[PDB]
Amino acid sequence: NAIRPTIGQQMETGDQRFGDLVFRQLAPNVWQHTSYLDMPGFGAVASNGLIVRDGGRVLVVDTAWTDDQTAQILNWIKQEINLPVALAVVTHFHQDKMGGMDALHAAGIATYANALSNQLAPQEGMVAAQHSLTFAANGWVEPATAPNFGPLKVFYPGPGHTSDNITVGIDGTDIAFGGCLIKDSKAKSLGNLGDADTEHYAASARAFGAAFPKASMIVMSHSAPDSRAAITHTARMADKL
């Protein structure tokens, strides 16, 4: 029953609450952040993202739902990590998370999103990220658009849950972030399909899996971390579309 520990990793089970936020350490330099919104007709809905420590800076993947919740993420980073946040990558446009963008911009943090996300946001009357990511034909981000991204490996799998959904692998870890594209293996549904691409969704989910074949831990926007079973389950459900 002895467990071999990993230096810099909190080994015990027990998430940390910090205000409205919950933090879980996934690897010595990676944490999941989780916030909740009470959506009418749905109840509480989770938003998860990542905080990645890379050398003398922090990189953020995705925001919380609101300005105040995203400010709390920044306050947690100040308290627990004490390194500047160099940049944030936002993996899709979400009409309910604009408050989050505001908090990052107010803090002077450079924001990056899929070029298509930066079209969709102002089409819905919301601010774009400061910078646009573009992608090679193979789906990998063009390095000219993503300078100094450190261990973040950004991949556009094709349209799925939304037309603009991108994903992010973390080099040096077994973690990949599927954004809003992937749901967990206990999901009863693919969720709200109002912006979904039914024709390509299954293929996009499989492309994500093929892009990060070494990832054994899958983190997602609206479900708890899971094994690769999340990718399989998501693709199977999307096959029914």
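Don't overthink the numbering: it's just position in the shown sequence, from 1.
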Taking the recorded C-alpha temperature factors, which stretch has the higher mean, 19-27 or 220-228?
220-228
Looking at the entry, does 78-86 or 91-99 show the higher mean C-alpha B-factor?
91-99
Out of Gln69, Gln32, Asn192, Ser47, which shows the largest CA B-factor listed in the entry?
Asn192
Ranking every modelled residue in this chain by its Cα temperature factor as given in the entry, which third contains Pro40?
highest
Position of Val61 among the chain's modelled residues by C-alpha B-factor, lowest, middle or highest third:
lowest
By the entry's values, the third containing the CA B factor of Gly209 is the middle
So, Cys180's CA B-factor, relative to its chain, sits in which third? The middle
Split into thirds by Cα B-factor across the chain's modelled residues, where does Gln130 land: lowest, middle or highest?
lowest
